[PDB]
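> Kindly return the folded structure for what I paste below:
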Amino acid sequence: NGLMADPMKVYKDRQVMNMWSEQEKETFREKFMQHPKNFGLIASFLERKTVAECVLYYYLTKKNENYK
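Residues are numbered from 1 along each chain as shown. Shown next is the protein structure:
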């Protein structure tokens, strides 16, 4: 598609592409959580964070907590 669908939830998490905080992860984690293994919508609503570029959200979460 490409008519009525613009990115929104991101303008606040624009500083997440290089630092997804506990509160930020709340948005990307929620969509990815809502969308069981999708990495399409999650990386589509927060434009700044693409699917292939979203990987920088998962390996960062466990880069200090080790919740693997």
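> and residue 14, how far is that from residue 32?
Using C-beta to C-beta, to the nearest Å, residue 14 is found at 18 Å from residue 32. C-beta here means a position set from N, CA and C on the backbone, and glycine is covered the same way.
> Compare neighbour counts for the two and give me the winner.
Taking other C-beta atoms under 10 Å, residue 14 and residue 32 do not tie; residue 32 has more neighbours (20 against 13).
> what's near enough to touch the more buried one?
38-39, 42, 54 (C-beta atoms under 8 Å, 6 or more residues apart in numbering).
> Need the distance between the two termini of stretch 24-43.
13 Å (C-alpha to C-alpha, to the nearest Å).
> Make a PyMOL selection of the buried ones in the contacts of residue 32.
Buried subset of the contacts of residue 32, written as a PyMOL selection, criterion 16 or more other C-beta atoms under 10 Å:
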select buried, resi 39+42+54
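> Among the contacts of residue 32, which ones are in strands?
Secondary structure from DSSP state E places none of the contacts of residue 32 in strands.
> ok, now which ones touch the residue nearest to the spatial centre of the chain?
By C-alpha atoms, centre = their mean, the chain has its centre lying nearest to residue 28, at 3.4 Å. By C-beta under 8 Å, 6+ apart, residue 28 lies in contact with 13, 16, 20, 42, 46, 49, 54, 57.
> In three-state terms, label it for me.
Secondary structure for residue 28, judged by DSSP: H, G, I helix; E, B strand; the rest coil, is helix.
> from now on call the first residue 43
In the new count, where the first residue is 43, that last one comes out as residue 70.
> Please tell me how far it sits from residue 110.
From residue 70 to residue 110 the distance is 18 Å (C-beta to C-beta).
> burial of the closest residue to residue 96 other than its chain neighbours, as a residue count?
Spatially, and ignoring its direct neighbours in sequence, residue 96 is nearest to residue 85 (4.2 Å; C-beta to C-beta, 6 or more residues apart in numbering). The number of residues packed near residue 85 is 21, by other C-beta under 10 Å.
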